[PDB]
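In what follows, a structure is listed as structure tokens, so that the remarks can point back to it.
All Cβ positions, even for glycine, are placed from backbone atoms using ideal geometry, and neighbour counts span all protein chains on display. Just so it is clear, none of the values below were taken in a lab; they were calculated from the coordinates.
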Amino acid sequence: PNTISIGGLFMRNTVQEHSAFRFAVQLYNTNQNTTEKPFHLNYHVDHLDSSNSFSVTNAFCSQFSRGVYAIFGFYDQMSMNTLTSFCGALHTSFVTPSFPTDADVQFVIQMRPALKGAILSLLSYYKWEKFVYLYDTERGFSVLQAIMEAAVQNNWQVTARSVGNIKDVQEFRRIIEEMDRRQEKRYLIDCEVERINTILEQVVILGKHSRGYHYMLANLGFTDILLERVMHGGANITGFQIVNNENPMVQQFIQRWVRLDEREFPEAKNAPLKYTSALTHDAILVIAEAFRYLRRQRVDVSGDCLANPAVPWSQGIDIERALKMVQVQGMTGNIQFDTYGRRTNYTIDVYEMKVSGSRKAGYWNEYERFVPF
Amino acid sequence: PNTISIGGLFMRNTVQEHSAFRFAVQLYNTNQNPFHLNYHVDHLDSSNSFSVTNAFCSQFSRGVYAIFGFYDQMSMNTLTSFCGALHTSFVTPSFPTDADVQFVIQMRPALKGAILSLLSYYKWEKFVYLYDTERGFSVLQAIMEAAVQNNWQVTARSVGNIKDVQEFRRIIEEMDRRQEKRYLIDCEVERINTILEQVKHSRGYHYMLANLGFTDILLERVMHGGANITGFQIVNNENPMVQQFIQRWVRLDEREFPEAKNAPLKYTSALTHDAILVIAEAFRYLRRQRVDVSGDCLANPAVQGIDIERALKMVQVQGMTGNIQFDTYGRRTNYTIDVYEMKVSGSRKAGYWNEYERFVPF
């Protein structure tokens with residue numbers, strides 16, 4: 001077919017990601033290619049509320065009813081298990097920059113790389129033995145189980161705290177006092193960007209955590225963190241990023257990115273690049289490269305959401321083998337996937353922000369673990 | 001109308017409930033006095049959230065008045081949204097919901113309540129907490145929010161992912177370095193029993209099983225060890241209405257009703273009989289007022305049904321779980337929980353618990 005149409009699912013607080021989505025379609029459509037574009041790319045997108053699972057399913061069905069060849073979307077802890085299961089039976093590849101699933105789910109392509117390995121290698125590098133682990137239920141229990149798996153082999157004094165339920169900010173002040181009784185100077189934060197910032201604000205008010213302390217923020221949106229007031233007290237801060245600003249392709253992309261009009265592209269000017277928005281663009285790069293390979297193979301690409309009728313099997317299976325076949329050098333390093341859709345062959349840029357200085361500490365890849373230069 | 005049909009949904013490992021759901025209708029269909037009852041059964045997959053929607057929309061197209069069934073944690077999120085939006089009342093002996101939702105009548109009473117008073121009767125302050133990723137975070141949060149109010153140091157363990165039966169022993173051998181002997185288990189029977197299977201650690205230990213299916217738990221294996229075990233039951237053997245069911249339930253056709261003589265009457269299979277008793281009186285209350293009762297499974301056009309949810313949540317009937325009344329959300333009220341103590345000393349009935357009366361030991 002001349003025009004491949006893909007499904008879009010965008011929840012709340014993904015405003016910039018939507019702008020990153022619309023632009024990623026335009027730069028491919030504007031060709032210009034005898035070879036880079038053999039087909040045109042369209043999309044129909046439905047904004048939704050995640051908590052209500054009914055709203056999640058009907059959006060998916062309305063997209064499938066249209067006959068889309070791929071679906072790009074988002075999920076929380078609640079909507080995760082539903083969307084992965086619907087794609088597993090209807091055989092439709094689900095592209096997402098949301099947190100990687102603990103289970104070996106099929107027809108799910110996970111753009112966000114796993115931090116699971118990057119943390120443990122650095123905790124072995126820093127040789128931490130007595131530290132605190134603060135976490136929410138949002139990112140998943142993979143990392144909550146991951147450290148308990150290996151920490152007992154190295155005997156580490158780790159203390160866990162669930163904060164996803166805590167709404168009161170006074171509760172955030174009393175949780176830290178408990179660790180000072182256990183003489184804790186080292187902290188590992190595993191929350192979403194928006195949450196991480198709120199307890200760092202509590203560090204300012206209680207005060208004197210400035211010096212001798214160490215905060216490791218297990219989140220890829222390190223730029224979107226308010227680090228300012230913590231820096232000037234004497235704290236050692238280790239953070240994680242996938243995006244490298246030295247990359248000429250990213251700088252090539254940014255020169256165009258700041259130009260976009262607000263009425264057509266929200267949060268493009270006012271807000272800085274969120275890591276999820278960068279993955280949104282790189283998600284298109286995978287879809288584009290997979291479908292270019294599809295007419296390279298010259299394959300005629302193959303409804304209703306009903307269990308009883310019996311879903312077709314000749315459909316769907318063919319796209320997965322070619323989507324997870326890709327090796328595209330994009331903004332987020334090297335984009336490759338395993339059999340389950342998880343990322344592999346990715347470089348994680350490690351940043352050390354210390355009172356004395358602020359610099360890139362090193363890089364992380366699965367083979368060489370952590371390299372500190 | 002002279003006949004009302006209620007939708008039926010069943011998961012895996014629910015055979016005892018299947019026949020108990022069947023037999024309760026056969027009792028009702030023999031009268032003896034107002035309207036005929038019908039039911040449709042769908043056998044679904046728990047983990048897969050695809051078959052749940054399929055079996056639900058198949059039940060709804062038939063447009064059954066009230067849907068009965070069970071939910072796994074991966075499927076509970078499916079029915080809670082669907083029953084609320086398509087306005088169809090749900091009846092369940094499965095775990096109570098954590099969040100405040102509408103259009104479901106939860107037969108299973110509150111497990112959370114009894115624990116908060118019974119731990120103070122024993123003066124417990126340091127214990128181990130083994131929880132599941134099945135019944136929800138409601139019980140774990142009830143511990144966590146109360147641990148700061150009464151100053152208790154506890155170790156809550158995520159044993160839900162433990163599939164291989166070797167990790168258990170590695171957790172217990174760490175517990176004796178922290179030299180604590182008290183235990184609080186909040187898991188399902190198929191995983192509760194395996195803990196007691198993987199029990200040196202018998203003399204001077206107290207286990208607390210936070211599950212209403214006390215009978216089906218294999219504990220006599222650990223009882224000779226002399227370990228103390230506290231259990232909870234809503235099924236009352238002293239109740240004359242319970243034995244009346246059992247006398248016909250046991251001496252029942254095995255071909256039509258499997259697991260009738262194969263296994264003891266579980267609380268899930270007990271709550272299923274009471275689930276018909278809630279439906280029967282709610283629809284007879286609708287008969288008192290004559291309330292007239294009246295497709296696709298898509299939300300575009302949208303889509304009545306507030307009719308029955310209103311009457312199901314008000315009922316006051318005596319079943320096999322004794323008192324059955326409902327809160328706005330569908331949770332039990334004015335109910336009574338029996339607590340059992342198993343001791344090397346003796347085996348006995350410690351007392352009862354209700355929301356108003358706290359704990360009573362006679």
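Averaged over the residues of B:65-75, the number of partner chain Cβ atoms lying within 10 Å of the residue Cβ comes to 1. Each 10 Å bin from zero holds the following percent of Cα-Cα pairs in segment A:144-277: 9, 33, 31, 18, 8, 1. From the alpha carbon centroid of segment B:285-331 to that of segment A:285-346 is 46 Å.
Taking Cα centre as origin and charging only the Cβ of basic (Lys, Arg, +1) and acidic (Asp, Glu, -1) residues, the dipole magnitude of the protein assembly as shown rounds to 980 debye. In the distance distribution for segment B:200-249, Cα-Cα pairs more than 16 Å apart total 53 percent.
Charge tally for B:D253 (other residues, Cβ to Cβ under 15 Å; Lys, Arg +1; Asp, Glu -1): +2.
All other residues with a Cβ under 14 Å from the Cβ of A:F94 taken together, and with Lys, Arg as +1 and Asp, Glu as -1, what is their net charge? My count for the surroundings of A:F94 gives +2. Reported to the nearest whole Å, the Cα centre-to-centre distance from segment B:157-176 to segment B:219-275 is 30. Note that segment B:278-362 shows a convex hull volume over its alpha carbon atoms of 168 Å³ per residue.
Computing Rg and the Kirkwood Rh from the Cα coordinates of segment A:152-220 gives a ratio, Rg/Rh, of 0.95. Partner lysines whose Cα lies under 22 Å from the Cα of B:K200, excluding those fewer than 8 positions away in the same chain, are identified as B:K126, B:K181, B:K343. Among the listed pairs A:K130/A:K354; A:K116/A:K167; A:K116/A:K324; A:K167/A:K354, a Cα-Cα separation exceeding 23 Å is found for A:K116/A:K167; A:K167/A:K354.
Mean per-residue shielding of peptide B:44-51 is 5, counting Cβ atoms of other chains within 10 Å of each Cβ. Averaged over peptide A:53-59, the number of partner chain Cβ atoms lying within 10 Å of each residue's Cβ comes to 6. Counting only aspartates and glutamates at least 8 places from A:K185 when in the same chain, those with an alpha carbon closer than 20 Å to its own are A:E129, A:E171, A:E177, A:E201, A:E228, A:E352. The alpha carbons of segment B:30-131 occupy a box of 54, 42, 23 Å along the principal axes, longest dimension given first. Normalising by residue count, chain B has a Cα convex hull of 157 Å³ per residue. Net charge of the neighbourhood of B:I172, taken over other residues with C-beta under 12 Å away and scored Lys/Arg +1, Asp/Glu -1, is +2.
log₁₀ I(q)/I(0) of segment A:236-311 at q = 0.12, 0.17 Å⁻¹, via Debye over equal Cα point scatterers, no solvent, to two decimals? Log-scaled intensity ratios, in q order: -0.62, -0.88. Note on segment B:93-197: the C-alpha convex hull projects to 7.7 nm² when averaged across all orientations.
Are there GluC sites (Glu not before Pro) in segment A:104-163 that DSSP marks as loop and that have at most 16 other Cβ atoms within 10 Å, and which are they? Here the sparse-neighbourhood loop sites are A:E129, A:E138. If you take every DSSP beta bridge whose two residues both sit in chain A, what share of them, in percent to the nearest 5, is antiparallel? Of the beta bridges lying entirely in chain A, close to 35 percent run antiparallel. Partners of B:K313 within straight-line reach, counting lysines whose Cα lies under 29 Å from its Cα and excluding those fewer than 8 residues away in the same chain: B:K112, B:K266. About its Cα centre, the dipole of chain A is roughly 740 debye, where the only charges are +1 on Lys and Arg Cβ and -1 on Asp and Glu Cβ. Counting only DSSP beta bridges with both residues in the protein assembly as shown, the antiparallel share comes to about 35 percent.
For the protein assembly as shown, the C-alpha radius of gyration sits at 1.06 times the compact-globule guess of 2.2 N^0.38 Å, with N the residue count.
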